[PDB]
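In: pasting the first bit of my complex, frame unchanged:
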Amino acid sequence: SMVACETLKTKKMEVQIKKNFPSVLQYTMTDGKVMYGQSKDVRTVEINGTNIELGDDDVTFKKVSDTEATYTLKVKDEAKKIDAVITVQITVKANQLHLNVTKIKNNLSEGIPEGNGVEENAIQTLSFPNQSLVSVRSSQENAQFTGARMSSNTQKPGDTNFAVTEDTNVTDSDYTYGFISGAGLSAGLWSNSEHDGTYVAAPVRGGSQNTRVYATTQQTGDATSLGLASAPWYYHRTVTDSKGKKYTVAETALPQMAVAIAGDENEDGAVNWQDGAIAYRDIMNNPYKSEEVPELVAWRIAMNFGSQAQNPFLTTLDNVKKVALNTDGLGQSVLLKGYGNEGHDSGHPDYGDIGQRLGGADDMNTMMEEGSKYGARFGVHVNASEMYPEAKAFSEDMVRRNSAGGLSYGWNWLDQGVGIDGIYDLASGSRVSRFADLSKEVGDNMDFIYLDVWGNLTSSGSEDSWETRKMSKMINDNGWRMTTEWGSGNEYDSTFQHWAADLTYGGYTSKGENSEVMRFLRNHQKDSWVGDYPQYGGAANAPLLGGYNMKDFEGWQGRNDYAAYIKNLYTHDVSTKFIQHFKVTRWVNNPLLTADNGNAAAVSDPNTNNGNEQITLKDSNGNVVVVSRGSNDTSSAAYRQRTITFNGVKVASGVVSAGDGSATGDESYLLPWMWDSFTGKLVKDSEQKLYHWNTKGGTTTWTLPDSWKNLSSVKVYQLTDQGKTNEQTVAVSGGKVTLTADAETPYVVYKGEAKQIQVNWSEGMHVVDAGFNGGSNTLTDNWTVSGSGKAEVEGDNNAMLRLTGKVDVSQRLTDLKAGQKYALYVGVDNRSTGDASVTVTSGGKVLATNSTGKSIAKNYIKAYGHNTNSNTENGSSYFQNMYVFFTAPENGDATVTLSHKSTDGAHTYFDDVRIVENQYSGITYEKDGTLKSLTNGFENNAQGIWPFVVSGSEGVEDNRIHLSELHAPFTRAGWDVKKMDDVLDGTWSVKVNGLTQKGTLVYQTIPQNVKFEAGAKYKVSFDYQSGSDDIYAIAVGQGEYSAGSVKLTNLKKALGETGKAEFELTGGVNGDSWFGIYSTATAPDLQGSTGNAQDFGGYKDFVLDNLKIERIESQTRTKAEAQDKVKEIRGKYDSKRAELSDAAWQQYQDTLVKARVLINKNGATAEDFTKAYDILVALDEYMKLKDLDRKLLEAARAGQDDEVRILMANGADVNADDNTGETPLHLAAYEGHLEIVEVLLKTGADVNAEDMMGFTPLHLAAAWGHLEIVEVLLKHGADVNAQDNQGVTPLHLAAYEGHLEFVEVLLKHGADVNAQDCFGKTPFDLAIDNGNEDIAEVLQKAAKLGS
């Protein structure tokens, strides 16, 4: 009654608790062992950073039952505005004690005002300073502490291990995890505390620094006692957004903490943190859906970007089926990067806007529902730190502003990113509502969320564990597993870190969690560790547990190599995932832990594995896995040798191929895969299988698992992208098998004959096997081949349809909505001169048809599977989408035919037949079937910038060209520093962002999209906005783009006010004419803008809309007029043969011959004579301009100053070049014509133009002694550090020649004296090698200046 203590009891222990405070006196286990609690009179409560000591009258006690007691704490400090009533519950179960704050009453508040308004006198933080829930003493046998802190550094362990002695002295020393052991018992302390504290290494915040355990020493008689307490909890935290507005936000959860008392749990004869860690798994928080992590064998990213729809959802479903066949149905985790809006880094933060061009929510749900049947999980890439004006969530309140009230700018790429006010986004309920929008679209189908950048301080200067906990909670509340970017980020809730799993990123200081404590506890729950990447050293040098090594083949950073993706899965990920099916129980002889790095008490067992590293793991069925290192010496070849045993039988042995791709290994394995790919339950004994891999290839012998020992034979299948192949029956002798394997080739072993995984290619795609994934058999079972020619499935990576000769490949279309409009498009690369066609028929009648001659535009789409870095044929790819538009017939009978017409030997490639509902109806034909008109407002584009295709101005890239979207007033001119409208008409336009001074083609039409008939005339018009005068130009060409063989028309500035462009085009003789947008060499006018305003202003941008192409009437000509025009052209240019390029004369002859065909044909009409005449007029205009260019170069070389002036006035291209690529400026600088140089620069010549050797005019000026020419060039923006094709800079040439003035001017403008050419020679090295010792010392003095 008046007894100051009570007893709580379980079958495992009895605990004495104090009645005057929620403190434990001691824990007594059934076996009699004792663990101390808080032996001293400590009654401290901290509220809002104020310590308050409680007296007898401040605490009431109630024993509810033998397993529970309740405390009521009166916590008051009038001077500090604290008047609280805290209800504390202590409960016991088995060897666990829980301490929970079940109620917090604030007597000084009415609660949080509506809309998270500021709560005056809010209880923000709460803790129990030095509560010592568990403690160990220096007087106890083997008294010790083990702690863990966050480390993303492979060379810096996060752990600490030390003996607790009389000298141990700590005060609130904070750890993510803390374990104490002494007198045969061990305990860890768990808490849900969101406190941020001490860390070892982390490049970011975002929950990296969460430290939940406080260790404090006190004197208990003659001994030093080390006690564990929880770090402080947040309750009603008051926060401030970027505009100074304050909010009070309610708790993520009420304060909770627990301890679990362990004896010798792993039965190794020692009691230490590992025993405590085993018991700790029963009380710790577990990331939501962490139980499925061991099933996620195949992680990868499927990418979409810039309106292109590189990976529509139903294509991703086919790729899941390809991976399922190749892995024999192992689980997958597919990250959809760009699932929303126009693709990756478009539409942030509109989480609910599913990419309409990918097939929207409907296809995303079909993909997820069908994919789950193959064990594939899906998740989406979201961003809560950066937004774009186009996003409907974009608002003034969402905008993060700086101290001055200016925008906190993000990255400019397709559009200008703006920082999100992270505090406002949380406190206002805005972020949780956008997650609810996404939940409405996906229901319960989506597995996870991938949260990009969180922790890098883009949303606020905090992004602490408290914000991260709330972020993870709103995600988990929708049934989504949490995953994030940074290796160290979100320790509490994340199951995957992209910078931990993709080992190539960030280097050795910014990887996954380098902690033995954390990995011991949670290896099976996360892909957040350090895998094999030996160039990083330490933790990354052959970790025994392996660690996820992620690769991709669906466009992320241009990654498309399917075979390397599968090879990598088998090299590292199968064994890593096998190991994750077991929980660590013992880990000794860790070479990373030394007395030097604060780990003197780490366990060194010379009786385990010769004193070398070893890990024992167990599952709940008593199965045992042992993982052993060959040697603990990094200089030994045995350091990378690993043996894996399963119930004492060797299942893996050898050295893995280096995770950094630098050295093939010799590891072989025969891994028993006992689990289904769904919840990971054991499969029926009869369907149990083994995966076999042999790195070097050859023959190995293995002992089969115990349940296979009495079999007389096994069935072995080689796994391919077609599934199980080459069945072999292999004899079993004395429970052993011998297997012959090709190098790096996967095999699957069954007890008996195994059936093929059922695959129906291209479900929901209206055709079977739209991507030609069905092997050779698809051309028999799915597609119908007819003709004298050949049809084959070609390519070992992304398989394609390849046609040769006269051949048709057809298939019936299914599931079309009768009377509805559809676009059908197909990727096509035609190397043949003959036409390649796509046709939709219905009962033999043509509904729609399209064709391409030889393909003229290389593919520059980085995220696309057939870009020009992927080698379709002859080291290139010309893949471009070819469209047909039709109405699904009422009879429900429609067929697609892919065909090749000519009988030649050249190839046509097709891939990805896509049938999609689409309302585009802007093409009108002539009775002929030729083009009458094409109109496009870009409001109904199935994908891309059709009828244009992205050109090579950035090479193979995530091209800064896409379909811009309206969101007034934010996307319009006048918002903030924005001077250009993103959209001109309706909701969509074509936008080019910052592609100035490229001196090349940005985008163009191609004949398969818009065909211009030879000799026919067309009026082309469009609306546009351009940031500056002459930065962009209309380009008109014929055939594959050639610099110099295009007609250019500069476009004037139209900034915030829509301009109109119109021109006429005559179709070239080869039917390969096109028009497009070209980026000139002209610098933009930035109008005094600085910083981000230079990009956000729109000075460097180009927007196009309302495209109109129409065939027009040309003045009718007689046969006589056309014949006279031939005589006129021949009279002008036949004599100019010697003065012309071999290709220029052939083009001239080609055009003449074709014009004469039109004129002299039997039955030729007025239209033929008119076309012949118009072809000859276009030929004349072309030949004329080439002669003016040729004369401008000749006048520049010879030094005819006035002749140069009239030639440029008459139309000569200032950026024209000769045989060796010299522009008139190169020729003027080389010969030393200072006036000609000045005139050419005034006209608009490229100051940094490169010839065939990579020489700029400055290289030629400096090397020939033209001082003023050098100064003029530098004033106009000549790159002083321009390096030629041998790495030679103007300073190298200047030092090699011998004049100080050159050296001085160059150095003054910023010449790098440490510039090395391809032979490693600096300008100084070239000076000493010619007898130029004078310049050498001046160069030496210049180099020593910055030493």
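Out: All right, it came through fine. Numbering: from 1, shown residues only, chains lettered A, B, ... in the order given.

In: Could you list every helix and strand in contact with the strand or helix carrying residue A:1293?
Out: Take DSSP states H and E as the rule and residue A:1293 turns out to sit in helix A:1290-1297. Packing partners of helix A:1290-1297 (3 or more C-beta pairs under 8 Å, 6 or more residues apart in numbering; DSSP states H and E): helix A:1257-1262, helix A:1300-1309, helix A:1323-1328, helix A:1333-1344. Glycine gets a C-beta too; all of them are placed from N, C-alpha and C.

In: let's see it at 10 Å
Out: Judged by 3 or more C-beta pairs under 10 Å, 6 or more residues apart in numbering; DSSP states H and E, helix A:1290-1297 is in contact with helix A:1257-1262, helix A:1267-1275, helix A:1300-1309, helix A:1323-1328, helix A:1333-1344.

In: Residue A:436: which of the ones you listed is closest?
Out: helix A:1300-1309 (57.2 Å; C-beta to C-beta).

In: List the buried residues in that closest one.
Out: By neighbour count on 16 or more other C-beta atoms under 10 Å, the buried set for helix A:1300-1309 is A:1302-1303, A:1305-1307, A:1309.

In: what does stretch A:1222-1236 give?
Out: A:1222-1234, A:1236.

In: Now do the contacts for residue A:1230.
Out: A:1196-1197, A:1222, A:1251, A:1255, A:1257, A:1259-1261, A:1263-1264, A:1266, A:1269 (C-beta atoms under 10 Å, 6 or more residues apart in numbering).

In: how about the residues you listed, which pair is most distant?
Out: A:1196 and A:1263 (17.7 Å).

In: Which one of these two is surrounded by more residues?
Out: Taking other C-beta atoms under 10 Å, residue A:1196 and residue A:1263 do not tie; residue A:1196 has more neighbours (32 against 19).

In: which stretches of the stretch 751-900 of chain A form helices?
Out: A:778-781 (DSSP state H, counting those that start in this stretch).

In: Pull up the distance across stretch A:40-51, start to finish.
Out: 17 Å (C-alpha to C-alpha, to the nearest Å).

In: Stretch A:382-394 now?
Out: Note: stretch A:382-394 ends 15 Å apart using C-alpha to C-alpha.

In: and it, how far out from the chain's middle?
Out: The chain centre lies 18 Å from the centre of stretch A:382-394; the measure is C-alpha atoms, centre = their mean, to the nearest Å.

In: put chain B on too:
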Amino acid sequence: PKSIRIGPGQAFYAX
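Out: If we add chain B to the chains shown above, we get the following:
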């Protein structure tokens, strides 16, 4: 190894 005078179609290095 020989360094020559640069010009149209003539690279700085020829060995």
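
In: quick recheck of what packs on helix A:1290-1297 now chain B is there?
Out: helix A:1257-1262, helix A:1267-1275, helix A:1300-1309, helix A:1323-1328, helix A:1333-1344, strand B:2-3 (3 or more C-beta pairs under 10 Å, 6 or more residues apart in numbering or on different chains; DSSP states H and E).

In: what's the angle between the third one and helix A:1290-1297?
Out: It stands for helix A:1300-1309. Helix A:1300-1309 and helix A:1290-1297 meet at an angle of 160 degrees, taking axes from the mean of the first three to the mean of the last three C-alpha atoms, to 10 degrees as the criterion.

In: and if you look at the fifth one?
Out: Between helix A:1333-1344 and helix A:1290-1297, the angle formed by their directions is 150 degrees, by the same axes, to 10 degrees.

In: Which neighbouring residues are in contact with residue 7, exactly?
Out: If you meant another chain, say so; for now it's chain A. A:14-17, A:25, A:28, A:63, A:66, A:69, A:92 (C-beta atoms under 10 Å, 6 or more residues apart in numbering or on different chains).

In: other chain: chain B
Out: A:1220, A:1222, A:1226, A:1230, A:1251, A:1253, A:1255, A:1260, A:1263-1264.

In: Next SSE downstream of the single longest helix found in chain A?
Out: Identified as the longest helix of chain A according to DSSP state H is helix A:1166-1198. Once helix A:1166-1198 ends, the next helix or strand along the chain (criterion: DSSP H and E) is helix A:1201-1209.

In: hmm, the helix or strand following that next one in reach of chain B?
Out: Sequence-wise, the next helix or strand downstream of helix A:1201-1209 (DSSP H and E) is helix A:1224-1231. Yes - using C-beta under 10 Å from any C-beta of the partner chain, we find that helix A:1224-1231 touches chain B at A:1226-1227, A:1230.

In: one step back: can you tell me which of the helices and strands packed on helix A:1290-1297 comes nearest to residue A:779?
Out: helix A:1257-1262 (55.9 Å).

In: CA atoms of the closest one as CSV?
Out: The C-alpha coordinates for helix A:1257-1262 follow below in CSV (Å, rounded to 0.1, in the frame of the first residue of the first chain):
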residue,chain,number,x,y,z
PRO,A,1257,40.3,31.6,-86.1
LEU,A,1258,42.3,32.5,-82.8
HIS,A,1259,44.5,29.3,-83.2
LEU,A,1260,45.4,30.5,-86.8
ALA,A,1261,45.8,34.2,-85.7
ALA,A,1262,48.1,33.4,-82.7
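
In: buried ones in that helix?
Out: A:1257-1262 (16 or more other C-beta atoms under 10 Å in any protein chain shown).
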